[PDB]
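K.L.:
Experimental structure and sequence below.
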Protein chains: 4
Amino acid sequence: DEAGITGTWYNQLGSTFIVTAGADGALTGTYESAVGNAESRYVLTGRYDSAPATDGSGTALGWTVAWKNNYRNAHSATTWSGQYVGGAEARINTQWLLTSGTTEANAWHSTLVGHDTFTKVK
Amino acid sequence: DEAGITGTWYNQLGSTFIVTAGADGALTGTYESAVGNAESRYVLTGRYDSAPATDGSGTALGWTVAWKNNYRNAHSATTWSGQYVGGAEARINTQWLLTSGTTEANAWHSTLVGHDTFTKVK
Amino acid sequence: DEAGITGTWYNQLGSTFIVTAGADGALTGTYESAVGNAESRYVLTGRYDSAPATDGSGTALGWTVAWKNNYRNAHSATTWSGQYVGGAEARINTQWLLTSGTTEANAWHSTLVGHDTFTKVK
Amino acid sequence: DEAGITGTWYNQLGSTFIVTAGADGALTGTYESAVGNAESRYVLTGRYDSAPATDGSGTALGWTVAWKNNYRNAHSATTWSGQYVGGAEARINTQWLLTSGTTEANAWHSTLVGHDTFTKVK
Ligand SMILES: [Rh+]
Ligand SMILES: [Rh+]
Ligand SMILES: [Rh+]
Ligand SMILES: [Rh+]
């Protein structure tokens, strides 16, 4: 699914996910969030299953963004975990965990969870 | 926290997380799971905040493993999202999302969630 | 939002959520899942904020179903946590955690996570 | 596990979970959080598997607290999903989702996730 995954994706928030899928299972690229303490692109890296089943199942993958770049630092990191579904209207359906650096006393409050769906159009 | 993070970590399941933290915010290394459809090491990649706050807060980070290697393929990927806490007994406290590739009809059933704590000893 | 919440809702899977919102903040009713090890209705109980903000924010709520009834027992329980959004096309947007009873050795594998959106029509 | 579950539990934060397990699978009681926008007891309700497997597996359960009482309203609700494990040192191991009522524009930011372990002593 190297061809399928590689390219520019957009989620329901208007965020922009630009990713290259390597033959070796690597995901590399940049993320631009439309919301939160973020601006411009952030480096991302991740992994996908480069030899998925051939039974109609999606392709498992994930990636991470640490929310620091040359412009801003939000002292947090999000990971997206999901699968790529090919075909007519390709999608990457994910759930994500956003952890902010906290003191021990506030750690119970450290992690947001949500879900993003990415498509090739937006 | 480049020095702090880099090295060998172990979680409560006996899994082994071997990671190098780069000056540029990169996480690279290998993961060996003690449970599940897995054996030997898998490539991981991720990101950490390379300029965290100086107020006692932890350092945000995350990484991804796609569960394919030269031995096995589980058609799944886990992402860990959490923070590194330095000091006397350093810890990386995470929550994780494990997504398996599924058909659309089974997608509701695609994602496990849990939490792992990593320490420098085990 | 007692009036708004009370009634029959349906999610994207075709499941049926029948709920009564009490003046005291109680949620009571029945759930019928369209997927998984389930058939017919299961008792649910839960809670909602009976005095929400008046600033356009949604109404926080949650409920639990244990997957045992007179027909089947799946030895599991799901909790939905989310908010009710009123207006033209009312919605209850949730994320859920489905925990299966496991042995200690399999506990890492005990919990599924996902998201369901409920509307008054389907 | 009616006998096992019923009683007073405490988590790692010092919160107090007081619960009665009914023969019909009901959970009823009160929760007192040691952290966050909360004070004194809040009503809880939930469900547990009243006929669990007899193979060493834990007992699935869940409950909800809406964070409104006679003293405070935080416009939020937490659901705990997990399992009760009996024996020498009984535990209820959970993961939780805390949803705050938000505007649509802030909904991506609505839900915290974490994990609490409850024991009979603290
Ligand atoms: Rh969705
Ligand atoms: Rh923990
Ligand atoms: Rh959605
Ligand atoms: Rh734990």
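P.N.:
The structure has been received and is ready for your questions. Residues are numbered from 1 along each chain as shown, chains lettered A, B, ... in the order given. Ligands and ions are numbered 1, 2, ... in the order given.

K.L.:
could you check the distance from the closest residue to chain D within chain A over to residue A:22?
P.N.:
For chain A, the residue closest to chain D is residue A:113, as judged by Cβ to the nearest Cβ, at 4.0 Å. Any C-beta I mention is one placed from the backbone N, CA and C, and that applies to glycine too. From residue A:113 across to residue A:22, the span is 28 Å (Cβ to Cβ, to the nearest Å).

K.L.:
Mind checking which of those two has more residues around it?
P.N.:
The neighbour count for residue A:113 versus residue A:22, taken as other Cβ atoms under 10 Å in any protein chain shown, is higher for residue A:113 (26 against 14).

K.L.:
Which parts of chain A are strands?
P.N.:
Secondary structure of chain A, counting by DSSP state E: strands at A:7-10, A:16-21, A:26-32, A:42-48, A:59-68, A:73-85, A:91-100, A:111-119.

K.L.:
Surely the residue of chain A closest to chain D touches residue D:110?
P.N.:
No - applying Cβ atoms under 8 Å as the test, residue A:113 and residue D:110 come out as separate, 9.5 Å apart.

K.L.:
The residue in chain A sticking out farthest from the centre: what's its closest spatial neighbour, skipping adjacent residues?
P.N.:
Most distant from the centre of chain A: residue A:105, at 28.9 Å, with distances by Cα atoms, centre = their mean. Nearest non-adjacent residue to residue A:105, counting by Cβ to Cβ, 6 or more residues apart in numbering or on different chains: residue D:35, 8.0 Å away.

K.L.:
Just give me the neighbour total for that neighbour.
P.N.:
13.

K.L.:
Identify the residues contacting it.
P.N.:
By Cβ atoms under 8 Å, 6 or more residues apart in numbering or on different chains, the residues touching residue D:35 are A:105, A:108-109, D:13, D:15.

K.L.:
now with 10 Å?
P.N.:
By Cβ atoms under 10 Å, 6 or more residues apart in numbering or on different chains, the contact list for residue D:35 reads A:105-109, D:13-15.

K.L.:
mind listing what residue A:10 touches?
P.N.:
Counted by Cβ under 10 Å, 6+ apart, residue A:10 has contacts A:16-18, A:32, A:34, A:116-122.

K.L.:
Can you flag the buried ones in those?
P.N.:
Listed as buried from the contacts of residue A:10 are A:16-18, A:32, A:116, A:118; burial here means 16 or more other Cβ atoms under 10 Å in any protein chain shown.

K.L.:
so which pair among those residues is furthest apart in space?
P.N.:
A:18 and A:116 (14.6 Å; Cβ to Cβ).

K.L.:
Pretty sure residue A:74 sits against residue A:36.
P.N.:
Yes - using Cβ atoms under 10 Å, residue A:74 makes contact with residue A:36 at a distance of 7.0 Å.

K.L.:
Between those two, which contacts overlap?
P.N.:
Shared contacts of residue A:74 and residue A:36, defined by Cβ under 10 Å, 6+ apart, comprise A:67, A:98.

K.L.:
How many residues are close by the residue lying closest to residue A:63 once chain neighbours are set aside?
P.N.:
What sits nearest to residue A:63 in space, not counting adjacent residues and going by Cβ to Cβ, 6+ apart, is residue A:46, at 2.7 Å. Using other Cβ under 10 Å, residue A:46 is surrounded by 30 other residues.

K.L.:
What separation is there between residue A:46 and residue A:30?
P.N.:
12 Å.

K.L.:
so what sits against both of the two?
P.N.:
In contact with both residue A:46 and residue A:30: A:19, A:65, using Cβ under 10 Å, 6+ apart.

K.L.:
residue contacts, residue A:61?
P.N.:
By Cβ under 10 Å, 6+ apart, the contact list for residue A:61 reads A:1, A:5, A:19, A:21, A:25, A:27, A:46-50, A:52, A:80-84, A:92, A:94, B:64, B:66, B:76-77, B:79, B:99, B:101.

K.L.:
Repeat the analysis, applying 8 Å as the threshold.
P.N.:
Here residue A:61 is in contact with A:5, A:27, A:46-49, A:81-84, A:92, B:64, B:66, B:77, B:99 (Cβ under 8 Å, 6+ apart).

K.L.:
if we can go back for a sec, buried only: go through the contacts of residue D:35 for me.
P.N.:
Applying 16+ other Cβ under 10 Å to the contacts of residue D:35 flags A:107-108, D:13, D:15 as buried.

K.L.:
For the residues you listed, which two are the farthest from each other?
P.N.:
Greatest spatial distance in the buried ones among the contacts of residue D:35: A:107 and D:15, 14.2 Å, computed using Cβ to Cβ.

K.L.:
any chance of the strands of chain A in TSV, plus distance to residue C:88?
P.N.:
Output for the strands of chain A, formatted as TSV (distance: least, Cβ to Cβ, whole Å):
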stretch	distance to residue C:88
strand A:7-10	26
strand A:16-21	30
strand A:26-32	31
strand A:42-48	36
strand A:59-68	35
strand A:73-85	30
strand A:91-100	27
strand A:111-119	23
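
K.L.:
Which of those sits closest to residue B:41?
P.N.:
strand A:42-48 (13.1 Å).

K.L.:
In the sheet, which strands lie alongside the closest one, parallel or antiparallel?
P.N.:
strand A:26-32 (antiparallel), strand A:59-68 (antiparallel) (DSSP bridges).

K.L.:
Output the longest one as CSV, nothing but the C-alphas.
P.N.:
This points to strand A:59-68. Taking Å, rounded to 0.1, in the frame of the first residue of the first chain, the C-alpha atoms of strand A:59-68 are listed here in CSV:
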residue,chain,number,x,y,z
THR,A,59,-3.6,-1.8,6.6
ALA,A,60,-2.5,-1.1,10.2
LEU,A,61,-0.3,2.0,10.8
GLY,A,62,0.5,4.7,13.3
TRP,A,63,2.5,7.9,13.6
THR,A,64,3.7,10.5,16.2
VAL,A,65,4.0,14.2,16.2
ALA,A,66,5.8,16.1,19.0
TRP,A,67,4.3,19.6,19.0
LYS,A,68,7.5,21.5,18.8
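
K.L.:
what's the spacing between that strand and its chain's center?
P.N.:
Its chain's C-alpha centre and that of strand A:59-68 lie 4 Å apart, by Cα atoms, centre = their mean, to the nearest Å.
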